[PDB]
Amino acid sequence: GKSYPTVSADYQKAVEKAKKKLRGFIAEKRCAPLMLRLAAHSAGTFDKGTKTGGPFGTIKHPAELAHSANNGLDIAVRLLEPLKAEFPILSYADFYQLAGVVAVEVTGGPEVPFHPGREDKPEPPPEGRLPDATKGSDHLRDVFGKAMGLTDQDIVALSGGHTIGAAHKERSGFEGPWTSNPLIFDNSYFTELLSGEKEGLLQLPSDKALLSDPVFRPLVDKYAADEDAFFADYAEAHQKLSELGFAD
Ligand code: HEM
Ligand code: NA
C-alpha cells in the first residue's frame, strides 16, 4: 500500500554512494548487529492508530537514546555520525534504515529493497512501545500487530534478526549470542530455538514464546527447515518494518 515519494537525482546518487561506504564501514567495524538493532528496534515505535513514532530518525535524539530499552544504541548513533556528515543531503531517517539494510547484506543475508524519502521528525515517540524480552506471544501481537500493523509471519521472520549479534549484561541485562555464528546472517537462530538451550547461547523469553504459539510454531519449523523461505519472508518483513508510517 506504498506510494514512495520522488527524490532528486542528487538524493539517489547520495543513497548509492552511502550504501557502498556503509558496506565497508560496517564490515570493518564488525558492527552489523548493532546497526541492525538501531534500524529495527527504532522502527518499532510505530503506532498505526495514531500514526506516531516509527523509522524517522528520532532515535538520534539524546531523549530517545536515554530510554532504558535503547541502552547501547548511543554507540551506534556515534559510530555513524562521521559517515553521515559525508552525506548531508540524506535524512538521518533514511541513513539509519540504509545502515540496517546493509547490516543484513554484508553478513550474508537477503537483499532487502530500500526506497528513499523518509523525513526527519521533530518529536520522539513516548517511551515503552518497544517489544519486551520477558513477555510472550500476546505481547508480541500487541506490539507488532496492534501497534505496528505487521503480521504473525512478519513477527517470526523478524525475530530471526537475532541470528546476528548478542545481548550484553550492561545493556539489556541478558548476555551472549543467539547463535554460534553471530556475524553470519542465516537460519541458525531457528535451528537453535528448536534444539533446546545449548550452553553458551542465549534465548530470550520473547524468543521462547515463538515455540509455544500455534501460529508462530509452524513458521519457526518452516524457517529451520528452509533457509530460502526464511530469507524470502525476512526480506519482506524487514522492508515493511523499515517502511512503517512512510509512504502510507
Ligand atoms: C521480537 C521482539 C524483540 C525483542 C524482545 C528484542 C530484544 C532484544 C534484546 C533484549 C537485545 C539485547 C540488547 C543488548 O543487551 O545488547 C536485542 C538485540 C538485538 N536485536 Fe532485538 N528484539 C526484538 C526484535 C528485533 C528485530 C525485529 C530485529 C531486526 C530484524 C532485531 C535485531 C537485533 C540484533 C541484530 C541484536 C544484537 C545487537 C548487538 O549485537 O549488539 N531485534 N534484541
Ligand atoms: Na547465525
# chains A, B, ... in the order shown; residues from 1 in each chain; ligands from 1
>>> select_by_dssp(residues="segment 115-191 of chain A", states="strand (DSSP E or B)", output="VMD selection string")
chain A and resid 166 to 167 176 to 177
>>> write_last_selection(atoms="N, CA, C and O atoms", output="mmCIF file, in the first residue's frame")
data_model
loop_
_atom_site.group_PDB
_atom_site.id
_atom_site.type_symbol
_atom_site.label_atom_id
_atom_site.label_comp_id
_atom_site.auth_asym_id
_atom_site.auth_seq_id
_atom_site.Cartn_x
_atom_site.Cartn_y
_atom_site.Cartn_z
ATOM 1 N N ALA A 166 24.377 -10.288 19.746
ATOM 2 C CA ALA A 166 24.409 -10.732 21.165
ATOM 3 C C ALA A 166 23.724 -9.699 22.068
ATOM 4 O O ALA A 166 23.550 -8.508 21.714
ATOM 5 N N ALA A 167 23.245 -10.191 23.203
ATOM 6 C CA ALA A 167 22.857 -9.348 24.318
ATOM 7 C C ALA A 167 24.083 -9.130 25.193
ATOM 8 O O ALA A 167 25.083 -9.865 25.091
ATOM 9 N N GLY A 176 25.030 -12.747 25.760
ATOM 10 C CA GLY A 176 25.600 -13.743 24.863
ATOM 11 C C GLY A 176 24.889 -13.751 23.526
ATOM 12 O O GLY A 176 23.807 -13.156 23.416
ATOM 13 N N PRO A 177 25.469 -14.454 22.518
ATOM 14 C CA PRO A 177 24.899 -14.600 21.163
ATOM 15 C C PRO A 177 23.764 -15.640 21.134
ATOM 16 O O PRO A 177 23.711 -16.569 21.973
#
>>> residues_around(residues="segment 186-197 of chain A", least_positions_apart="4", cutoff="12 Å", atoms="only C-alpha atoms", output="PyMOL selection string")
chain A and resi 104-110+156-166+177-182+201-212+216-234
>>> select_by_dssp(residues="segment 33-147 of chain A", states="alpha helix (DSSP H)", output="PyMOL selection string")
chain A and resi 33-43+62-65+73-84+92-106+137-140
>>> write_last_selection(atoms="N, CA and C atoms", output="short mmCIF file (atom, residue, chain, number, x, y, z; two decimals), in the first residue's frame")
data_model
loop_
_atom_site.label_atom_id
_atom_site.label_comp_id
_atom_site.auth_asym_id
_atom_site.auth_seq_id
_atom_site.Cartn_x
_atom_site.Cartn_y
_atom_site.Cartn_z
N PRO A 33 25.44 -6.25 13.64
CA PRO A 33 24.33 -6.49 14.60
C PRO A 33 23.82 -5.27 15.34
N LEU A 34 24.71 -4.43 15.85
CA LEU A 34 24.28 -3.17 16.48
C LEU A 34 23.54 -2.23 15.53
N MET A 35 23.98 -2.17 14.27
CA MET A 35 23.35 -1.38 13.24
C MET A 35 21.95 -1.88 12.87
N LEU A 36 21.80 -3.21 12.76
CA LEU A 36 20.52 -3.86 12.54
C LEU A 36 19.57 -3.57 13.71
N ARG A 37 20.03 -3.78 14.95
CA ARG A 37 19.33 -3.31 16.13
C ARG A 37 18.86 -1.82 16.06
N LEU A 38 19.78 -0.89 15.80
CA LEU A 38 19.41 0.52 15.66
C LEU A 38 18.22 0.76 14.68
N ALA A 39 18.33 0.21 13.47
CA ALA A 39 17.29 0.35 12.44
C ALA A 39 15.97 -0.28 12.88
N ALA A 40 16.03 -1.53 13.31
CA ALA A 40 14.82 -2.31 13.53
C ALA A 40 14.11 -1.96 14.83
N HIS A 41 14.90 -1.90 15.91
CA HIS A 41 14.39 -1.54 17.24
C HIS A 41 13.78 -0.14 17.17
N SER A 42 14.44 0.79 16.47
CA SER A 42 13.89 2.16 16.33
C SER A 42 12.67 2.32 15.40
N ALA A 43 12.56 1.49 14.36
CA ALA A 43 11.36 1.49 13.52
C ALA A 43 10.13 1.03 14.32
N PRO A 62 19.15 12.50 21.99
CA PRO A 62 19.55 12.06 23.33
C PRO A 62 18.32 11.62 24.17
N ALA A 63 17.17 12.30 24.01
CA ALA A 63 15.93 11.90 24.76
C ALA A 63 15.42 10.46 24.50
N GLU A 64 15.54 9.99 23.25
CA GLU A 64 15.10 8.63 22.89
C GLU A 64 16.16 7.58 23.19
N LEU A 65 17.43 7.98 23.09
CA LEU A 65 18.57 7.12 23.45
C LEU A 65 18.59 6.81 24.94
N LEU A 73 22.53 1.86 22.11
CA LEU A 73 22.25 2.40 20.79
C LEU A 73 22.93 3.75 20.54
N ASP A 74 23.30 4.44 21.61
CA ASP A 74 24.12 5.66 21.51
C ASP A 74 25.48 5.40 20.87
N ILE A 75 26.04 4.22 21.13
CA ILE A 75 27.25 3.75 20.46
C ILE A 75 27.04 3.74 18.92
N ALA A 76 25.90 3.20 18.49
CA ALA A 76 25.54 3.02 17.08
C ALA A 76 25.42 4.35 16.36
N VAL A 77 24.67 5.26 16.99
CA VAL A 77 24.50 6.62 16.52
C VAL A 77 25.85 7.33 16.44
N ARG A 78 26.69 7.15 17.44
CA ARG A 78 28.00 7.81 17.48
C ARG A 78 28.88 7.29 16.34
N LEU A 79 28.90 5.97 16.16
CA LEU A 79 29.65 5.32 15.07
C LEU A 79 29.32 5.83 13.67
N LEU A 80 28.05 6.18 13.45
CA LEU A 80 27.56 6.57 12.12
C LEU A 80 27.72 8.05 11.80
N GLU A 81 27.87 8.88 12.83
CA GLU A 81 27.96 10.34 12.66
C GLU A 81 29.03 10.82 11.67
N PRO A 82 30.29 10.37 11.78
CA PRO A 82 31.25 10.79 10.70
C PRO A 82 30.87 10.45 9.23
N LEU A 83 30.35 9.25 9.00
CA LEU A 83 29.88 8.87 7.67
C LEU A 83 28.68 9.68 7.22
N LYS A 84 27.73 9.90 8.13
CA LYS A 84 26.53 10.69 7.83
C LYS A 84 26.87 12.13 7.37
N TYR A 92 18.64 11.56 8.28
CA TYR A 92 19.05 10.52 9.24
C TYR A 92 18.12 9.30 9.20
N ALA A 93 16.82 9.57 9.06
CA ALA A 93 15.81 8.51 8.92
C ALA A 93 16.22 7.46 7.86
N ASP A 94 16.49 7.91 6.63
CA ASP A 94 16.93 7.05 5.54
C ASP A 94 18.29 6.41 5.83
N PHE A 95 19.20 7.19 6.40
CA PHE A 95 20.55 6.76 6.62
C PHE A 95 20.56 5.57 7.57
N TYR A 96 19.77 5.62 8.63
CA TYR A 96 19.71 4.52 9.61
C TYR A 96 19.04 3.25 9.08
N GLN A 97 17.96 3.40 8.29
CA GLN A 97 17.37 2.28 7.56
C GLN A 97 18.29 1.67 6.50
N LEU A 98 19.04 2.52 5.79
CA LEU A 98 20.08 2.04 4.90
C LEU A 98 21.13 1.25 5.63
N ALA A 99 21.63 1.76 6.77
CA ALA A 99 22.57 1.01 7.59
C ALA A 99 22.01 -0.35 8.03
N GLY A 100 20.73 -0.41 8.41
CA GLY A 100 20.08 -1.70 8.70
C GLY A 100 20.04 -2.67 7.53
N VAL A 101 19.69 -2.15 6.33
CA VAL A 101 19.64 -2.94 5.10
C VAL A 101 21.02 -3.52 4.77
N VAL A 102 22.03 -2.64 4.86
CA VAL A 102 23.41 -3.01 4.61
C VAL A 102 23.93 -4.06 5.65
N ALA A 103 23.50 -3.92 6.92
CA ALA A 103 23.93 -4.80 8.01
C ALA A 103 23.53 -6.26 7.65
N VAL A 104 22.33 -6.42 7.10
CA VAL A 104 21.79 -7.70 6.70
C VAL A 104 22.59 -8.21 5.49
N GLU A 105 22.87 -7.34 4.51
CA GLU A 105 23.58 -7.76 3.29
C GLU A 105 25.01 -8.24 3.54
N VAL A 106 25.79 -7.43 4.26
CA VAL A 106 27.20 -7.75 4.48
C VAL A 106 27.46 -9.00 5.34
N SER A 137 3.69 -14.26 23.63
CA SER A 137 3.03 -14.14 22.31
C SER A 137 1.98 -13.08 22.22
N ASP A 138 1.20 -12.92 23.30
CA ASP A 138 0.20 -11.88 23.43
C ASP A 138 0.85 -10.51 23.33
N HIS A 139 1.95 -10.30 24.07
CA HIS A 139 2.68 -9.04 23.99
C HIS A 139 3.25 -8.81 22.59
N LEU A 140 3.84 -9.84 21.98
CA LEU A 140 4.36 -9.70 20.63
C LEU A 140 3.25 -9.26 19.65
#
>>> closest_residue(among="A:18, A:69, A:200, A:184", to="residue 30 of chain A", atoms="only C-alpha atoms")
A:184
>>> closest_residue(among="A:214, A:72, A:117, A:24", to="ligand 1", atoms="only C-alpha atoms and all ligand atoms")
A:72
>>> closest_residue(among="A:248, A:170, A:47, A:10", to="residue 147 of chain A", atoms="only C-alpha atoms")
A:47
>>> atom_distance(atom1="atom CA of residue 58 of chain A", atom2="atom CA of residue 124 of chain A")
5.0 Å
>>> residues_around(residues="residue 120 of chain A", least_positions_apart="4", cutoff="6 Å", atoms="only C-alpha atoms", output="PDB file with N, CA, C and O atoms, in the first residue's frame")
ATOM      1  N   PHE A  56      11.858   7.374  11.813  1.00  0.00           N
ATOM      2  CA  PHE A  56      12.006   8.776  11.354  1.00  0.00           C
ATOM      3  C   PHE A  56      13.182   9.536  11.972  1.00  0.00           C
ATOM      4  O   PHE A  56      13.166  10.757  12.081  1.00  0.00           O
ATOM      5  N   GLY A  57      14.210   8.779  12.349  1.00  0.00           N
ATOM      6  CA  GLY A  57      15.486   9.358  12.834  1.00  0.00           C
ATOM      7  C   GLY A  57      15.441  10.037  14.199  1.00  0.00           C
ATOM      8  O   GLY A  57      16.399  10.711  14.575  1.00  0.00           O
ATOM      9  N   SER A  91      18.460  12.352   4.813  1.00  0.00           N
ATOM     10  CA  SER A  91      17.821  12.414   6.123  1.00  0.00           C
ATOM     11  C   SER A  91      18.506  11.318   6.973  1.00  0.00           C
ATOM     12  O   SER A  91      18.965  10.297   6.439  1.00  0.00           O
ATOM     13  N   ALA A  93      16.822   9.573   9.061  1.00  0.00           N
ATOM     14  CA  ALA A  93      15.807   8.508   8.919  1.00  0.00           C
ATOM     15  C   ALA A  93      16.221   7.459   7.863  1.00  0.00           C
ATOM     16  O   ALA A  93      16.288   6.262   8.193  1.00  0.00           O
TER      17      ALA A  93
END
>>> closest_residue(among="A:236, A:169, A:150, A:245", to="ligand 1", atoms="only C-alpha atoms and all ligand atoms")
A:169
>>> closest_residue(among="A:237, A:215, A:133, A:112", to="ligand 1", atoms="only C-alpha atoms and all ligand atoms")
A:133
>>> closest_residue(among="A:60, A:135, A:141, A:168", to="residue 121 of chain A", atoms="only C-alpha atoms")
A:60
